[PDB]
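Summary of structural features
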Amino acid sequence: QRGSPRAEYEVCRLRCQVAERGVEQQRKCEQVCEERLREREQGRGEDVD
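Structure determination for this entry is recorded as solution NMR.

**So, the state of the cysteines**
All told, the structure shown has two disulfides when counted by the stated rule. Covalently, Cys-12 is tied to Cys-33 through a disulfide, its sulfur atoms 2.0 Å apart. Judged by the sign of its S-S torsion, about 90°, the bond between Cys-12 and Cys-33 is right-handed. Of this pair, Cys-12 sits in helix α1 (residues 5-18) while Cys-33 sits in helix α2 (residues 23-41), and the two are 21 residues apart along the sequence. For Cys-12, a relative accessible area of 5% corresponds to the buried category. Across the disulfide from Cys-16 sits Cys-29; the S-S distance is 2.0 Å. Residues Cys-16 and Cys-29 share a disulfide whose torsion about the S-S bond is about -85°; that sign makes it left-handed. Taken together, the residues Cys-16 in helix α1 and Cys-29 in helix α2 connect sequence positions 13 residues apart. Counting only the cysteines that take part in disulfides, in the order they occur along the protein, gives the pairing 1-4, 2-3.

**Considerations on the environment of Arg-44**
Structurally, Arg-44 can be placed in the segment after α2. Polar contacts involving the side chain of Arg-44 include one to the side chain of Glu-41, which spans 2.6 Å.

Criteria and cut-off values
- Residues numbered from 1 in each chain as written, not as in the entry; some residues may be left out.
- Heavy atoms only, no water.
- Residues with missing side-chain atoms left out of burial classes, pairs and counts.
- Disulfide = S-S within 2.5 Å.
- Helix = DSSP H or I, 4+ residues; strand = E, 2+ residues; numbered from the N terminus.
- Buried < 20%, exposed > 50% of the residue type's maximum accessible area, 1.4 Å probe, protein only.
- Polar contact = N/O pair within 3.5 Å; in protein donor to acceptor, adjacent residues only side chain to side chain.

Spelled out as C-alpha cells, the structure:
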C-alpha cells in the first residue's frame with residue numbers, strides 16, 4: 001500500500017527512539033523524514049487522500 005505519511009514519519013522517528021538513542025542521530029532521523037514530508041505535501045497530485 002501507500003501508507004499513511006505521518007505514520008511512516010513516526011516509524012522513522014520511533015526506530016531511532018528505540019534503537020539509536022543519540023541526540024544528533026535522533027534529530028537527523030526526524031529532520032530527514034520531515035524534509036521528505038515537505039516534498040510529499042508540496043507535491044500531492046492525484047494521490048487521493
